[PDB]
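One structure is given below, encoded as structure tokens.
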Amino acid sequence: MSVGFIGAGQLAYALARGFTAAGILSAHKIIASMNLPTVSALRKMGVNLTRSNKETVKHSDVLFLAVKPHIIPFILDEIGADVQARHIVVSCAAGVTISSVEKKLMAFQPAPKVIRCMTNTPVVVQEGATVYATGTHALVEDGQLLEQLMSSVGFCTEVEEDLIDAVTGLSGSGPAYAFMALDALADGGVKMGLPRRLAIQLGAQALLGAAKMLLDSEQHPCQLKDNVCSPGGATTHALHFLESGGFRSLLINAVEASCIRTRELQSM
Numbered sequence: 001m002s003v004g005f006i007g008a009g010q011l012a013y014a015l016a017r018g019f020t021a022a023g024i025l026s027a028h029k030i031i032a033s037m038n039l040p041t042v043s044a045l046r047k048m049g050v051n052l053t054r055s056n057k058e059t060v061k062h063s064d065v066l067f068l069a070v071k072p073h074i075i076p077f078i079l080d081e082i083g084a085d086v087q088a089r090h091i092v093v094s095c096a097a098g099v100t101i102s103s104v105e106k107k108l109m110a111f112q113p114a115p116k117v118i119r120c121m122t123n124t125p126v127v128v129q130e131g132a133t134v135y136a137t138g139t140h141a142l143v144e145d146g147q148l149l150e151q152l153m154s155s156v157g158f159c160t161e162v163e164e165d166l167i168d169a170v171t172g173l174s175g176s177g178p179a180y181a182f183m184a185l186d187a188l189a190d191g192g193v194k195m196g197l198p199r200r201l202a203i204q205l206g207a208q209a210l211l212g213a214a215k216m217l218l219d220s221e222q223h224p225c226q227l228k229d230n231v232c233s234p235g236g237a238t239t240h241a242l243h244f245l246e247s248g249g250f251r252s253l254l255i256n257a258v259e260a261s262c263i264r265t266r267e268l269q270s271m
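If you count by the authors' numbering, then the sequence shown holds residues 1 to 33, 37 to 271, one letter each, in order.
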């Protein structure tokens, strides 16, 4: 019937701007919780600024917790009065254990339904990556709706919550790597004589075509790289410069640090 996003950050608008295109839920049935354009642009779509956390729970059948990990512990005390066994709560905040959202909302009422997820920000273009873990009192029907809700958003599967911290470094911090990568590539286009906008547009579809090829064609990523490299070609000379500076090594210890700190920060 109606979904509600307590948050208003980039993630909140990303879900709303991604839910509206597929039409699983329209822009009329939504409740939120006012200087940034995220609320104003969503207000152009019809998002309601309740400005009170409790003023949205009873109006939101399923609630998404888009608040920050430091805001979410005290948030549970303010909404648990309006949390009910009918309401499906989905915590989008990283490092938030399912116990924290279930044990805190256990005091207000029994049988709390919660789900932990890690959806990316490139869901505005309907191609994000997310995973979820079913809570204790989260039934099969509750998870079937969530996947269907975020499968319109992109890749959505059921992983166990002990692996969502590692997905954070690969699916959550991942898109930032391509932004910096597509910057350096575009910065290489100008140095070799390409316009800035064309250097952004040419490389962007090259990353789409490389990612889309690996997804549907289940060949190993290196095998797809080997078929591109023609013997005695320009591609093999360029790949040498990447592996000399440890191109693979940097991206490897990057995901490690993103997952390591998320565990350290959650220890609070």
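C-beta: ideal position from N, C-alpha, C; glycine also.
Helix, strand or coil for residue 35, going by three-state DSSP, please let me know.
You won't find residue 35 in this model, because the chain goes from 33 right to 37.
Selection from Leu11, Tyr180, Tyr135 that minimises the alpha carbon distance to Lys71
As a working mapping, residue 71 is identified with position 68 in the sequence shown. Here the closest residue by C-alpha is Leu11.
Whether or not the region 78-89 and the region 49-61 are in contact is what I'm after, with contact meaning three or more pairs of Cβ atoms, one per stretch, closer than 8 Å; do they touch?
yes
In chain order, what residues of the same chain lie with their CB nearer than 7 Å to the CB of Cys95, ignoring the 5 residues before and after it?
Against the sequence shown, residue 95 aligns to sequence position 92. Once the five neighbours on either side are set aside, the close Cβ partners of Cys95 are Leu11, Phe67, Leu68, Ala69, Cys120, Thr122.
Beta-carbon contacts of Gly4 that lie in its chain and below 6 Å, excluding the five residues immediately before and after:
Stepping through the sequence shown from its first residue, residue 4 is reached at position 4. Taken in chain order, the residues that qualify are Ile31, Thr59, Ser63, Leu66.
Residue range of the beta strand (DSSP E) that includes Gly131:
Taking the sequence shown and counting its residues from 1, the one referred to as residue 131 is at position 128. Boundaries of the beta strand (DSSP E) around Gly131: 131-137.
Which runs of the alpha helix (DSSP H), 4 residues or longer, sit entirely within the region 50-134?
57-60, 75-82, 101-111
Express the C-alpha separation of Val99 and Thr139 in angstroms, rounding to a whole number.
Here the question's residue 139 lines up with position 136 in the sequence shown. Here the question's residue 99 lines up with position 96 in the sequence shown. Using only the alpha carbons, I get a separation of about 15 Å.
Cα-Cα, which of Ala260, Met1, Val104, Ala132 is closest to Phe77?
To locate residue 77, count along the sequence shown from 1; it is residue 74. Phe77 has its Cα closest to that of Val104, out of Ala260, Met1, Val104, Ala132.
Residue 35: buried (16+ other C-beta within 10 angstroms of its C-beta) or exposed?
Residue 35 cannot be placed in this structure, since the chain goes from 33 to 37 without the numbers between.
List the DSSP bridge partners of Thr160.
Numbered from its first residue, the sequence shown carries residue 160 at position 157. Paired residue(s): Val134.
Beta-bridge partners of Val3, as assigned by DSSP:
As a first step, residue 3 must be located in the sequence shown, where it is residue number 3. According to DSSP, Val3 bridges with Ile30, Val65.
Compare the C-beta of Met121 against all C-beta atoms of chain D and say whether one is closer than 8 Å.
Looking at the structure shown, chain D is missing, and only one protein chain is on hand.
Cβ shell of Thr160 (< 6 Å), same chain only, five flanking positions each side left out:
Residue 160 sits at position 157 when you count from the first residue of the sequence shown. Same-chain partners within the cutoff: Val134.
For the candidate residues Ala257, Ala27, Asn38, whose alpha-carbon lies nearest to that of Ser174?
In the sequence shown, residue 174 corresponds to position 171, counting from 1. Nearest C-alpha to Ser174: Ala257.
So, for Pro178: in the same chain, excluding its five sequence neighbours on each side, which residues have a beta-carbon less than 8 Å away from its beta-carbon?
For the purposes of this step, residue 178 is taken as the residue at position 175 of the sequence shown. Around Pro178: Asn123, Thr124, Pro125.
Through-space distance from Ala136 to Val162, alpha-carbon basis
Within the sequence shown, numbered from 1, the residue matching residue 162 stands at position 159. Within the sequence shown, numbered from 1, the residue matching residue 136 stands at position 133. Cα to Cα, the separation comes out at about 6 Å.
Since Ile101 and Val127 should fall inside the 8 Å C-beta cutoff, what is the C-beta to C-beta distance between them, to a whole number of angstroms?
Here residue 101 refers to the residue found at position 98 of the sequence shown. Here residue 127 refers to the residue found at position 124 of the sequence shown. Between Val127 and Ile101 the Cβ distance is about 27 Å, and since that is not below 8 Å, they are no contact.
With distances taken Cα to Cα, identify the nearest neighbour of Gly146 among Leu201, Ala187, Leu218, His90.
Against the sequence shown, residue 146 aligns to sequence position 143. Nearest option by C-alpha distance: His90.
Where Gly172 and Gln129 are concerned, what is the direct C-alpha to C-alpha distance, given to the nearest angstrom?
In the sequence shown, counting from the first residue as 1, residue 172 sits at position 169. In the sequence shown, counting from the first residue as 1, residue 129 sits at position 126. Cα to Cα, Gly172 sits roughly 20 Å from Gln129.
Look at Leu79 and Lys107 and say whether their C-beta atoms are less than 8 Å apart.
Counting from one through the sequence shown, the residue named residue 79 turns up at place 76. Counting from one through the sequence shown, the residue named residue 107 turns up at place 104. The Cβ atoms of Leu79 and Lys107 sit closer than 8 Å to each other.
Do the CB positions of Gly212 and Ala189 come within less than 8 Å of each other?
As a first step, residue 212 must be located in the sequence shown, where it is residue number 209. As a first step, residue 189 must be located in the sequence shown, where it is residue number 186. For the pair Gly212 and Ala189, the CB atoms are not nearer than the 8 Å cut-off.
So, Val93 versus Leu149, is the Cβ gap smaller than 8 Å?
Counted from its first residue, the sequence shown places residue 93 at position 90. Counted from its first residue, the sequence shown places residue 149 at position 146. Against a cut-off of 8 Å, the Cβ pair of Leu149 and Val93 comes out as a contact.
Counting C-beta neighbours from all protein chains within 10 Å, is the total for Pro234 16 or more, i.e. buried, or is it exposed?
Walking along the sequence shown from the start, residue 234 turns up at place 231. Under this definition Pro234 is an exposed residue.
Where does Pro40 sit, in a helix, a strand or coil, going by DSSP?
Within the sequence shown, residue 40 is the residue found at index 37, counting from 1. The DSSP-derived three-state label of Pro40 is helix.
Closest Cα partner of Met153 within the set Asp229, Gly18, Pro40, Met48:
For the purposes of this step, residue 153 is taken as residue 150 along the sequence shown, with counting starting at 1. Put simply, of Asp229, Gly18, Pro40, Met48 the residue whose alpha carbon is nearest the alpha carbon of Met153 is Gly18.
How many Å lie between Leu253 and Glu144 at the Cα?
Taking the sequence shown and counting its residues from 1, the one referred to as residue 253 is at position 250. Taking the sequence shown and counting its residues from 1, the one referred to as residue 144 is at position 141. Here the alpha carbon of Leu253 sits roughly 41 Å from the alpha carbon of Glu144.
DSSP state of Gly177 mapped onto helix, strand, coil:
Here residue 177 refers to the residue found at position 174 of the sequence shown. Correct three-state label for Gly177: helix.
According to the Cβ coordinates, are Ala181 and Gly192 closer than 8 Å?
Along the sequence shown, one-based indexing puts residue 181 at 178. Along the sequence shown, one-based indexing puts residue 192 at 189. No, Cβ-Cβ distance for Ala181 and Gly192 is not below 8 Å.
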